[PDB]
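Student: Would you mind keeping the following structure in view while I ask a few things?
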Amino acid sequence: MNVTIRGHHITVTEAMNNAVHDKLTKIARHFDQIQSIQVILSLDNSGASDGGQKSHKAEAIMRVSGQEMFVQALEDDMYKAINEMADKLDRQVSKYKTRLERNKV
Amino acid sequence: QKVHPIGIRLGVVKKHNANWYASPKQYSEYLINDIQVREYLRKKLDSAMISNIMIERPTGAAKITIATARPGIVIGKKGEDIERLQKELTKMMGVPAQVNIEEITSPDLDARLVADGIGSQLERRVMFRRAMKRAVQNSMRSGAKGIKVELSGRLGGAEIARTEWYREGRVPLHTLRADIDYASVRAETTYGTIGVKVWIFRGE
Amino acid sequence: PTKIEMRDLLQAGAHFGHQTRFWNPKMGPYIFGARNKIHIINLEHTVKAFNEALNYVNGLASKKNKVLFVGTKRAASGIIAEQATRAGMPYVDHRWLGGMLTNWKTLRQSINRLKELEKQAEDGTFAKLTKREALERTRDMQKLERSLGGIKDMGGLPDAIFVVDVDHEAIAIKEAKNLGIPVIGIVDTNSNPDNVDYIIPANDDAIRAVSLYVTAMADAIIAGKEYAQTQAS
Amino acid sequence: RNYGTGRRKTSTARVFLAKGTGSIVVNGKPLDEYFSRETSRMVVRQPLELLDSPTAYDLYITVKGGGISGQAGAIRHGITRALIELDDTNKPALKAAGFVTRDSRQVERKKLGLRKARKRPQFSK
RNA sequence: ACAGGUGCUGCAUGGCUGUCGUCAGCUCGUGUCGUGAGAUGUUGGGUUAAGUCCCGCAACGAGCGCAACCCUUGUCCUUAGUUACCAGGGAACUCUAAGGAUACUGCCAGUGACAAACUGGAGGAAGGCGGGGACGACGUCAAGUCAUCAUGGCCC
């Protein structure tokens, strides 16, 4: 399973890399059927008419066998964006895994 | 998202506002000098109400046909203001070009004049929807089968810009044989630029 | 023509109500009895109300007023059309469009479109049109004629309405109450007599019976017009 | 001297028909010498042999444009048109095989943002 | 004075663009119903590529979308015949490029609510949207663009 962590308009640091890798390996612990992960960390605006609050973005496009789920999170701080993105991705992994497991019965 | 109403109708029910032929080497020079003429004359005749201008030209001289609703101010007293512009037109253009002025019988049916009037009011700080409704009313009573005017930007000075449009009548954009006049000008307000688009539909 | 006879009303069968389970309890005064689970309308009452209705339509037609004949029932459409045309009166016989009278300013556009289509088919404009396009314009004309053929010459709201089967024409009754225009109606044992001024308790389901009431109304309006034409000279 | 014009893809064959032996002259050369592909060889003789008269007419065919099977189809269509020009009762039997209907199929233009008329650039998921 | 700035802000904007999506939708006027937000129309029976069409129906109508008008291709006709063509100098043919004809469920047989429509057949080059393209609704994503250009503010 691949893990790509790109950064648009921001310099991704070692701390950002760790803060994405630790959560990715946590989701990949419960789901072992993930093909690829691509996480883009962006700074999509300057908050010129709202004072931030959505200035940083963290998006995750993950590909599983037969499906592709994308999640995104806007936030003032990039670390909080990363955590919210990770939580959405974990919830979607759980949703897909339980649907697939309940399709057998 | 929407094609230009005149551009998509150029060959079906409409006509270009330039009617000269040039060899591939001459096309660049003719078009560049033509665009320069248009820009200079549109900046010079800002005070007057001038609609589409047809810069058509034979070999040598040219015949520039300007359509307006203020012929007196354009021409001047006994042709004293048309000739002063004639000399400059020849001075920057090639062989002396004759400029003739045509009259717009119904200024409320020309999409350019309506758009520029809306823009002038907006620049003079007239309430935006007041201007929209005034223009729609005038044009829809002046015989137009349909009008649609669209304002875009910081309407009134709002931080968050928006688009407000007003339709009355048909204005069937997707029909090619519609004879839809269109204009898109800008009002330079103290809080930025407002985009003023006007569609006027008047038959087949 | 101002009075109706009970003998031919009984012969037509205007006293046959519905079964004794669909009746409206507000029809108790007019119901004479129940014969084999069927309500019998009191001929005395229907004739007494019919005389007043005929007097009212005589007085209305003597003043060049318009009373609109409403009935879309399968046993009333053709008869309503015939007698309304005979009396020269507007009618609806196929379907009461919602808002016929409360939205008459919008029905004006459809009426005008129909009339200008009549003009274009009368002056022979089909020699300038195509084959199928003229056919579809003609089809549009006929479709509008079905809906609003009898009310094209109405020229305003009617001064009274004559409805057959109030229960069936409840929308027309509601509009009449909305606009205040009087409504005389034939109302059966199962129907609601409310919102109706000149109620005629009678059987509205038999074509033979409906013909009697509609012809009587037409004859009364005709007599009123004829009398109103006697003071010209 | 019954002449017919046939067209296919891009070729346009002008064929002249005369009652004769069966000499077929495709653009100045015999049929078998001009057409090196047997598939394109059948198509020219298909209408003649359909109604059982291969060696009954001298054909003067001039093809222009098109490839090697488009030209054969154009020649077949032109021969069909000349045969129906010769006889109208030929058409009822020569129509059931679809030899008189012009084939309007043509190279679909390359559309923008596409590799070909229909082919789309790939994108991995 | 200023000029200049490919300096910042596309989350202050205009203009232009992508995208859902050429998906069949999105609305409004008047009327009616509801204290009201709202509803109805726009739902239902069919039918269609299509809110396409018909029929019902408290709705009656309208607008933007759909379709058509546009380009090209497929058959034929007319004007014209060079630098094009070549059947016998020719004015036939191919071709070139302007104007037109044709196609409309027009006809037949059925099914279908006495309907819209559908199924098949003839003729025809083409049959039911003949093939392809242009045309991209209200809006969505604070989507892209201040580096095409213009532009408020900030800054050198």
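So you can find residues: chains in the structure tokens are A, B, ... in the order shown, residues in each start at 1, and ligands are numbered from 1 in order.
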Residues of chain A no more than 9 Å from chain E, counting only C-alpha atoms (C1' of nucleotides): send them over as a PyMOL selection string.

Tutor: chain A and resi 45-52+55

Student: Write out as a list in words all residues of segment 51-145 of chain B that DSSP puts in strand (DSSP E) for this structure's backbone.

Tutor: residues 51, 52, 53, 54, 55, 56, 63, 64, 65, 66, 67, 68, 98, 99, 100, 101, 102 and 103 of chain B

Student: Could those residues be written to a file, using N, CA and C atoms, as a PDB file, in the first residue's frame?

Tutor:
```
ATOM      1  N   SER B  51     -22.648  53.321 -30.164  1.00  0.00           N
ATOM      2  CA  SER B  51     -22.834  51.878 -30.181  1.00  0.00           C
ATOM      3  C   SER B  51     -21.785  51.252 -31.102  1.00  0.00           C
ATOM      4  N   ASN B  52     -22.027  50.014 -31.539  1.00  0.00           N
ATOM      5  CA  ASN B  52     -21.136  49.303 -32.451  1.00  0.00           C
ATOM      6  C   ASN B  52     -20.652  50.197 -33.585  1.00  0.00           C
ATOM      7  N   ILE B  53     -19.367  50.066 -33.906  1.00  0.00           N
ATOM      8  CA  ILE B  53     -18.716  50.838 -34.956  1.00  0.00           C
ATOM      9  C   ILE B  53     -18.152  49.862 -35.977  1.00  0.00           C
ATOM     10  N   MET B  54     -18.453  50.097 -37.252  1.00  0.00           N
ATOM     11  CA  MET B  54     -18.052  49.213 -38.344  1.00  0.00           C
ATOM     12  C   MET B  54     -16.871  49.851 -39.069  1.00  0.00           C
ATOM     13  N   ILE B  55     -15.673  49.333 -38.821  1.00  0.00           N
ATOM     14  CA  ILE B  55     -14.463  49.835 -39.491  1.00  0.00           C
ATOM     15  C   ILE B  55     -14.244  48.941 -40.703  1.00  0.00           C
ATOM     16  N   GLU B  56     -14.938  49.270 -41.781  1.00  0.00           N
ATOM     17  CA  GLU B  56     -14.801  48.567 -43.043  1.00  0.00           C
ATOM     18  C   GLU B  56     -13.981  49.423 -44.001  1.00  0.00           C
ATOM     19  N   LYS B  63     -13.714  53.431 -44.734  1.00  0.00           N
ATOM     20  CA  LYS B  63     -14.991  54.075 -44.439  1.00  0.00           C
ATOM     21  C   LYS B  63     -15.426  53.575 -43.068  1.00  0.00           C
ATOM     22  N   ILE B  64     -15.182  54.385 -42.045  1.00  0.00           N
ATOM     23  CA  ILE B  64     -15.500  54.018 -40.670  1.00  0.00           C
ATOM     24  C   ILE B  64     -16.893  54.533 -40.340  1.00  0.00           C
ATOM     25  N   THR B  65     -17.800  53.619 -40.026  1.00  0.00           N
ATOM     26  CA  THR B  65     -19.206  53.936 -39.804  1.00  0.00           C
ATOM     27  C   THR B  65     -19.496  53.835 -38.312  1.00  0.00           C
ATOM     28  N   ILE B  66     -19.658  54.985 -37.666  1.00  0.00           N
ATOM     29  CA  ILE B  66     -19.970  55.000 -36.240  1.00  0.00           C
ATOM     30  C   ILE B  66     -21.453  55.275 -36.051  1.00  0.00           C
ATOM     31  N   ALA B  67     -22.120  54.408 -35.301  1.00  0.00           N
ATOM     32  CA  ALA B  67     -23.531  54.562 -34.982  1.00  0.00           C
ATOM     33  C   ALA B  67     -23.655  55.131 -33.578  1.00  0.00           C
ATOM     34  N   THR B  68     -24.454  56.186 -33.431  1.00  0.00           N
ATOM     35  CA  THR B  68     -24.574  56.831 -32.133  1.00  0.00           C
ATOM     36  C   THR B  68     -25.984  57.371 -31.952  1.00  0.00           C
ATOM     37  N   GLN B  98     -12.719  58.115 -44.473  1.00  0.00           N
ATOM     38  CA  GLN B  98     -13.953  58.872 -44.291  1.00  0.00           C
ATOM     39  C   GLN B  98     -14.768  58.219 -43.182  1.00  0.00           C
ATOM     40  N   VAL B  99     -15.127  59.002 -42.172  1.00  0.00           N
ATOM     41  CA  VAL B  99     -15.960  58.528 -41.074  1.00  0.00           C
ATOM     42  C   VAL B  99     -17.354  59.108 -41.252  1.00  0.00           C
ATOM     43  N   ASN B 100     -18.354  58.236 -41.278  1.00  0.00           N
ATOM     44  CA  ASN B 100     -19.745  58.647 -41.390  1.00  0.00           C
ATOM     45  C   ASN B 100     -20.518  58.210 -40.156  1.00  0.00           C
ATOM     46  N   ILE B 101     -21.443  59.067 -39.733  1.00  0.00           N
ATOM     47  CA  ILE B 101     -22.197  58.891 -38.500  1.00  0.00           C
ATOM     48  C   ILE B 101     -23.609  58.440 -38.848  1.00  0.00           C
ATOM     49  N   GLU B 102     -24.043  57.338 -38.250  1.00  0.00           N
ATOM     50  CA  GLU B 102     -25.417  56.878 -38.348  1.00  0.00           C
ATOM     51  C   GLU B 102     -26.137  57.075 -37.022  1.00  0.00           C
ATOM     52  N   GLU B 103     -27.462  57.080 -37.104  1.00  0.00           N
ATOM     53  CA  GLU B 103     -28.326  57.415 -35.987  1.00  0.00           C
ATOM     54  C   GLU B 103     -29.018  56.165 -35.468  1.00  0.00           C
TER      55      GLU B 103
END
```

Student: Taking only C-alpha atoms into account, name the residue in A:38, A:92, A:33, A:53 that is nearest to residue 65 of chain A.

Tutor: A:33

Student: Each residue of chain E lying at most 8 Å from chain D should get a row with its shortest atom-to-atom pair and the distance in Å to one decimal, counting only C-alpha atoms (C1' of nucleotides); could you produce that, ordered by chain and increasing number, as a Markdown table?

Tutor:
```
| residue | atom | partner | partner_atom | distance |
| --- | --- | --- | --- | --- |
| E:73 | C1' | D:104 | CA | 7.8 |
| E:74 | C1' | D:104 | CA | 4.7 |
| E:75 | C1' | D:102 | CA | 7.9 |
| E:93 | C1' | D:14 | CA | 7.4 |
| E:94 | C1' | D:14 | CA | 7.3 |
| E:125 | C1' | D:102 | CA | 5.6 |
| E:131 | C1' | D:105 | CA | 7.4 |
| E:132 | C1' | D:108 | CA | 6.6 |
```

Student: Produce a file of the selected residues containing N, CA, C and O atoms (P, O5', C5', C4', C3', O3' and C1' of nucleotides), as a PDB file, in the first residue's frame.

Tutor:
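Contents of the output file out35.pdb:
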```pdb
ATOM      1  P     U E  73     -18.991  19.174 -46.751  1.00  0.00           P
ATOM      2  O5'   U E  73     -19.437  17.698 -46.376  1.00  0.00           O
ATOM      3  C5'   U E  73     -18.493  16.750 -45.910  1.00  0.00           C
ATOM      4  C4'   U E  73     -19.163  15.460 -45.521  1.00  0.00           C
ATOM      5  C3'   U E  73     -20.139  14.898 -46.534  1.00  0.00           C
ATOM      6  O3'   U E  73     -19.499  14.213 -47.591  1.00  0.00           O
ATOM      7  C1'   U E  73     -21.115  14.834 -44.391  1.00  0.00           C
ATOM      8  P     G E  74     -20.144  14.214 -49.058  1.00  0.00           P
ATOM      9  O5'   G E  74     -21.351  13.186 -48.942  1.00  0.00           O
ATOM     10  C5'   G E  74     -21.107  11.824 -48.633  1.00  0.00           C
ATOM     11  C4'   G E  74     -22.389  11.057 -48.452  1.00  0.00           C
ATOM     12  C3'   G E  74     -23.474  11.311 -49.485  1.00  0.00           C
ATOM     13  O3'   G E  74     -23.267  10.598 -50.688  1.00  0.00           O
ATOM     14  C1'   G E  74     -24.417  11.375 -47.327  1.00  0.00           C
ATOM     15  P     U E  75     -23.034  11.393 -52.062  1.00  0.00           P
ATOM     16  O5'   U E  75     -24.435  11.289 -52.806  1.00  0.00           O
ATOM     17  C5'   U E  75     -25.073  10.036 -52.980  1.00  0.00           C
ATOM     18  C4'   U E  75     -26.489  10.207 -53.463  1.00  0.00           C
ATOM     19  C3'   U E  75     -26.695  11.256 -54.541  1.00  0.00           C
ATOM     20  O3'   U E  75     -26.353  10.799 -55.837  1.00  0.00           O
ATOM     21  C1'   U E  75     -28.322  11.539 -52.862  1.00  0.00           C
ATOM     22  P     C E  93     -22.953  15.966 -67.302  1.00  0.00           P
ATOM     23  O5'   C E  93     -21.891  14.964 -66.672  1.00  0.00           O
ATOM     24  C5'   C E  93     -22.113  13.563 -66.687  1.00  0.00           C
ATOM     25  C4'   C E  93     -20.872  12.809 -66.286  1.00  0.00           C
ATOM     26  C3'   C E  93     -20.198  13.277 -65.006  1.00  0.00           C
ATOM     27  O3'   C E  93     -20.804  12.747 -63.841  1.00  0.00           O
ATOM     28  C1'   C E  93     -18.576  13.030 -66.701  1.00  0.00           C
ATOM     29  P     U E  94     -20.784  13.582 -62.471  1.00  0.00           P
ATOM     30  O5'   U E  94     -19.264  13.517 -61.998  1.00  0.00           O
ATOM     31  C5'   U E  94     -18.719  12.322 -61.462  1.00  0.00           C
ATOM     32  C4'   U E  94     -17.235  12.449 -61.234  1.00  0.00           C
ATOM     33  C3'   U E  94     -16.799  13.505 -60.231  1.00  0.00           C
ATOM     34  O3'   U E  94     -16.889  13.062 -58.889  1.00  0.00           O
ATOM     35  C1'   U E  94     -15.481  13.677 -62.184  1.00  0.00           C
ATOM     36  P     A E 125     -32.404   6.319 -54.842  1.00  0.00           P
ATOM     37  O5'   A E 125     -31.639   6.032 -53.478  1.00  0.00           O
ATOM     38  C5'   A E 125     -30.380   5.377 -53.466  1.00  0.00           C
ATOM     39  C4'   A E 125     -29.521   5.880 -52.337  1.00  0.00           C
ATOM     40  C3'   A E 125     -30.167   5.863 -50.962  1.00  0.00           C
ATOM     41  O3'   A E 125     -30.083   4.602 -50.330  1.00  0.00           O
ATOM     42  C1'   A E 125     -29.163   7.964 -51.334  1.00  0.00           C
ATOM     43  P     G E 131     -28.462   9.630 -36.366  1.00  0.00           P
ATOM     44  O5'   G E 131     -26.983   9.712 -36.951  1.00  0.00           O
ATOM     45  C5'   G E 131     -26.213   8.539 -37.158  1.00  0.00           C
ATOM     46  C4'   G E 131     -24.790   8.869 -37.533  1.00  0.00           C
ATOM     47  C3'   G E 131     -24.107   9.932 -36.691  1.00  0.00           C
ATOM     48  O3'   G E 131     -23.621   9.436 -35.459  1.00  0.00           O
ATOM     49  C1'   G E 131     -23.718  10.372 -38.974  1.00  0.00           C
ATOM     50  P     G E 132     -23.587  10.389 -34.172  1.00  0.00           P
ATOM     51  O5'   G E 132     -22.535  11.521 -34.552  1.00  0.00           O
ATOM     52  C5'   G E 132     -21.144  11.240 -34.570  1.00  0.00           C
ATOM     53  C4'   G E 132     -20.340  12.387 -35.130  1.00  0.00           C
ATOM     54  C3'   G E 132     -20.383  13.696 -34.365  1.00  0.00           C
ATOM     55  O3'   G E 132     -19.598  13.705 -33.190  1.00  0.00           O
ATOM     56  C1'   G E 132     -20.622  14.138 -36.655  1.00  0.00           C
TER      57        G E 132
END
```

Student: With a cut-off of 8 Å and counting only C-alpha atoms (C1' of nucleotides), select all residues of chain C in contact with chain E and give the selection as a VMD selection string.

Tutor: chain C and resid 97 to 100 102 to 103 105 to 107 171

Student: Record the distance separating atom CA of residue 1 of chain C and atom CA of residue 219 of chain C, expressed in Å with one decimal.

Tutor: 6.3 Å

Student: Compile a residue-level contact table for chain E against chain B at a cut-off of 7 Å, reporting for every qualifying residue the shortest atom pair and its distance in Å to one decimal, with only C-alpha atoms (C1' of nucleotides) counted, rows ordered by chain and ascending number, as CSV.

Tutor:
```
residue,atom,partner,partner_atom,distance
E:12,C1',B:159,CA,5.8
E:13,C1',B:192,CA,6.0
E:14,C1',B:193,CA,5.3
E:63,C1',B:170,CA,6.6
E:69,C1',B:177,CA,5.7
E:70,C1',B:12,CA,6.1
E:135,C1',B:174,CA,6.5
E:136,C1',B:1,CA,6.6
E:151,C1',B:192,CA,6.2
E:152,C1',B:192,CA,4.5
```

Student: Have a look at atom CA of residue 21 of chain A and atom CA of residue 40 of chain A and let me know their distance in Å, one decimal.

Tutor: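 These atoms are spaced 12.8 Å apart.
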
Student: Which one of A:64, A:10, A:30, A:39 sits closest to chain D if you count only C-alpha atoms?

Tutor: A:64

Student: Which is closest to residue 37 of chain D among D:71, D:11, D:21, D:55, if we use only C-alpha atoms?

Tutor: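 Nearest candidate to residue 37 of chain D out of D:71, D:11, D:21, D:55: D:71.
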
Student: Leaving out residue 53 of chain E and any residue of its chain fewer than 3 positions from it, which residues lie within 10 Å of it when counting only C-alpha atoms (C1' of nucleotides), given as a list in words?

Tutor: residues 47, 48, 116 and 117 of chain E

Student: Go ahead and write the selection's residues with C-alpha atoms (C1' of nucleotides) as a PDB file, in the first residue's frame.

Tutor:
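Now in again_27.pdb:
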```pdb
ATOM      1  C1'   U E  47     -44.654   7.990 -23.984  1.00  0.00           C
ATOM      2  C1'   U E  48     -39.994   9.921 -25.227  1.00  0.00           C
ATOM      3  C1'   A E 116     -49.611  10.566 -27.654  1.00  0.00           C
ATOM      4  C1'   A E 117     -46.809   7.011 -29.190  1.00  0.00           C
TER       5        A E 117
END
```

Student: Can you list, as a VMD selection string, every protein, DNA or RNA residue that comes within 12 Å of segment 84-90 of chain D when you count only C-alpha atoms (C1' of nucleotides), leaving out same-chain residues fewer than 5 positions away?

Tutor: chain D and resid 1 to 5 15 to 19 47 to 48 50 to 53 57 77 to 79 95 to 97 99 to 100

Student: Could you name the residues that touch residue 56 of chain A at 12 Å or less, counting only C-alpha atoms (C1' of nucleotides), but leaving out those on the same chain fewer than 6 positions away, as a ChimeraX atom specification?

Tutor: /A:7-10,40-47,72-82,84-85

Student: For the atom pair atom CA of residue 210 of chain C and atom CA of residue 76 of chain C, what is the interatomic distance in Å to one decimal place?

Tutor: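 Separating atom CA of residue 210 of chain C from atom CA of residue 76 of chain C is a distance of 6.5 Å.
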
Student: Write out as a tab-separated table a residue-level contact list of chain A versus chain D with cut-off 12 Å: for each qualifying residue the closest pair of atoms and the distance in Å to one decimal, counting only C-alpha atoms, rows sorted by chain and residue number upward.

Tutor:
```
residue	atom	partner	partner_atom	distance
A:35	CA	D:125	CA	10.3
A:36	CA	D:125	CA	9.6
A:37	CA	D:125	CA	11.4
A:38	CA	D:125	CA	11.6
A:61	CA	D:125	CA	10.3
A:62	CA	D:125	CA	9.9
A:63	CA	D:125	CA	7.4
A:64	CA	D:125	CA	9.6
A:65	CA	D:125	CA	10.0
A:66	CA	D:125	CA	9.6
A:67	CA	D:125	CA	9.1
A:68	CA	D:125	CA	7.9
A:69	CA	D:125	CA	11.2
```

Student: Store the residues picked out above, limited to N, CA, C and O atoms, as a compact mmCIF listing (two decimals), in the first residue's frame.

Tutor:
```txt
# COMPACT_ATOMS: atom_id res chain seq x y z
N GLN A 35 -5.06 -0.03 -1.13
CA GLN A 35 -4.07 -0.02 -2.21
C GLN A 35 -3.16 1.19 -2.12
O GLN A 35 -1.94 1.06 -2.08
N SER A 36 -3.75 2.39 -2.06
CA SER A 36 -2.91 3.58 -2.08
C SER A 36 -3.54 4.70 -1.26
O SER A 36 -4.76 4.75 -1.09
N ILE A 37 -2.68 5.60 -0.79
CA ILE A 37 -3.07 6.82 -0.10
C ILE A 37 -2.33 7.98 -0.74
O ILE A 37 -1.11 7.90 -0.94
N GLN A 38 -3.04 9.05 -1.08
CA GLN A 38 -2.40 10.29 -1.49
C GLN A 38 -2.99 11.44 -0.68
O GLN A 38 -4.17 11.76 -0.83
N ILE A 61 -6.99 11.22 -0.75
CA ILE A 61 -7.59 10.38 -1.78
C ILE A 61 -7.04 8.98 -1.58
O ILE A 61 -5.86 8.73 -1.86
N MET A 62 -7.85 8.07 -1.05
CA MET A 62 -7.38 6.71 -0.89
C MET A 62 -8.08 5.80 -1.88
O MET A 62 -9.26 5.99 -2.20
N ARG A 63 -7.34 4.84 -2.39
CA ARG A 63 -7.83 3.88 -3.37
C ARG A 63 -7.76 2.49 -2.76
O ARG A 63 -6.70 2.07 -2.28
N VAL A 64 -8.91 1.81 -2.76
CA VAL A 64 -9.03 0.43 -2.34
C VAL A 64 -9.39 -0.38 -3.57
O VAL A 64 -9.68 0.16 -4.64
N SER A 65 -9.36 -1.71 -3.43
CA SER A 65 -9.71 -2.56 -4.55
C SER A 65 -11.18 -2.41 -4.91
O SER A 65 -12.06 -2.87 -4.17
N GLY A 66 -11.46 -1.76 -6.03
CA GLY A 66 -12.81 -1.60 -6.51
C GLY A 66 -13.52 -0.33 -6.09
O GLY A 66 -14.68 -0.13 -6.48
N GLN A 67 -12.87 0.55 -5.33
CA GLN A 67 -13.47 1.79 -4.88
C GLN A 67 -12.38 2.81 -4.60
O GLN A 67 -11.20 2.47 -4.45
N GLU A 68 -12.78 4.08 -4.55
CA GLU A 68 -11.88 5.19 -4.26
C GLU A 68 -12.65 6.18 -3.40
O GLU A 68 -13.65 6.74 -3.84
N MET A 69 -12.19 6.41 -2.17
CA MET A 69 -12.86 7.34 -1.27
C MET A 69 -11.95 8.53 -1.01
O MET A 69 -10.77 8.36 -0.70
```

Student: Quick one: pick out all alpha helix (DSSP H) residues within segment 6-137 of chain B from a backbone DSSP run and write them as a PyMOL selection string.

Tutor: chain B and resi 24-44+71-75+82-92+111-123+128-137

Student: Please provide the set of residues having any atom within 12 Å of residue 122 of chain D, restricted to only C-alpha atoms (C1' of nucleotides), with same-chain residues fewer than 4 positions apart removed, written as a list in words.

Tutor: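 Returned residues: residues 113, 114 and 115 of chain D.
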
Student: Would you export the selected residues with C-alpha atoms as a PDB file, in the first residue's frame, please?

Tutor:
```pdb
ATOM      1  CA  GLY D 113      -9.196  16.804 -26.051  1.00  0.00           C
ATOM      2  CA  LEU D 114      -9.342  13.324 -27.594  1.00  0.00           C
ATOM      3  CA  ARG D 115      -6.647  11.172 -29.134  1.00  0.00           C
TER       4      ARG D 115
END
```

Student: Please identify all polymer residues within 12 Å of residue 20 of chain E, counting only C-alpha atoms (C1' of nucleotides), omitting same-chain residues fewer than 5 positions from it, and present them as a PyMOL selection string.

Tutor: chain E and resi 136+139-141+143

Student: Which is closest to residue 86 of chain B among B:140, B:127, B:41, B:115, if we use only C-alpha atoms?

Tutor: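 Of B:140, B:127, B:41, B:115, the one nearest residue 86 of chain B, counting only C-alpha atoms, is B:41.
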